[PDB]
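Participant: The structure under discussion is supplied below as structure tokens; questions concerning it will follow.
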Amino acid sequence: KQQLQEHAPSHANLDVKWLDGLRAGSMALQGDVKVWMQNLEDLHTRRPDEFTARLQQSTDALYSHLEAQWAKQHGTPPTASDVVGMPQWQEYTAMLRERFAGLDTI
Numbered sequence: 115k116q117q118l119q120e121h122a123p124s125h126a127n128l129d130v131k132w133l134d135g136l137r138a139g140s141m142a143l144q145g146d147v148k149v150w151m152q153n154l155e156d157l158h159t160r161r162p163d164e165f166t167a168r169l170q171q172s173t174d175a176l177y178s179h180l181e182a183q184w185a186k187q188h189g190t191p192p193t194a195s196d197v198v199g200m201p202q203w204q205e206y207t208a209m210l211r212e213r214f215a216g217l218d219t220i
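Numbers given in the UniProt record's numbering equal positions in the sequence shown, counted from 1, plus 114.
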């Protein structure tokens with residue numbers, strides 16, 4: 115499948131910045147999650163266990179940004195254990211990746 119090669123003008127995950135956020139890249143819509151799925155759509159195709167490894171690099175920004183930044187708030191509750199679901203990504207991604215069958219939020 116996909117023997118012949120092809121290409122066209124379009125935006126890719128690389129374009130979108132890390133979870134840290136985008137100033138001009140994507141203001142109106144969310145490029146963080148918007149690509150979160152698309153990244154797994156291509157990866158998951160080959161290996162699922164790796165699907166999470168795709169965004170794993172991006173989500174890192176927030177994953178740490180929270181445990182680090184949020185640390186100021188309390189610093190006690192902030193930890194890889196909490197940061198896992200402390201942020202919104204935990205839920206957000208759960209809405210798209212799960213309700214992907216009908217991505218409308220975007």
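From the three backbone atoms N, C-alpha and C, an ideal C-beta is built for every residue, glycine too.
1. Report yes or no: is there a C-beta of chain B within less than 9 Å of the C-beta of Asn153?
2. In the DSSP assignment, find the alpha helix (DSSP H) that holds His158 and state where it starts and stops.
3. To the nearest angstrom, how far is it from the Cα of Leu118 to the Cα of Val130?
4. Whose CA, out of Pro123, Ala185, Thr166, lies closest to the CA of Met200?
5. On the three-state DSSP scale, how would you describe residue 258?
Facilitator: According to the structure shown:
1. Here there is only one protein chain, and chain B is not present.
2. Your numbering for residue 158 matches position 44 in the sequence shown. Where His158 is concerned, the enclosing alpha helix (DSSP H) stretches over 145 to 160.
3. Against the sequence shown, residue 118 aligns to sequence position 4. Against the sequence shown, residue 130 aligns to sequence position 16. If you take the alpha carbons of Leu118 and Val130, they lie about 28 Å apart.
4. By 1-based counting over the sequence shown, the position of residue 200 is 86. Checking every option, the nearest Cα to that of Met200 belongs to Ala185.
5. Only positions 115 to 220 of the chain appear in the structure, and residue 258 is not among them; the question remains open.
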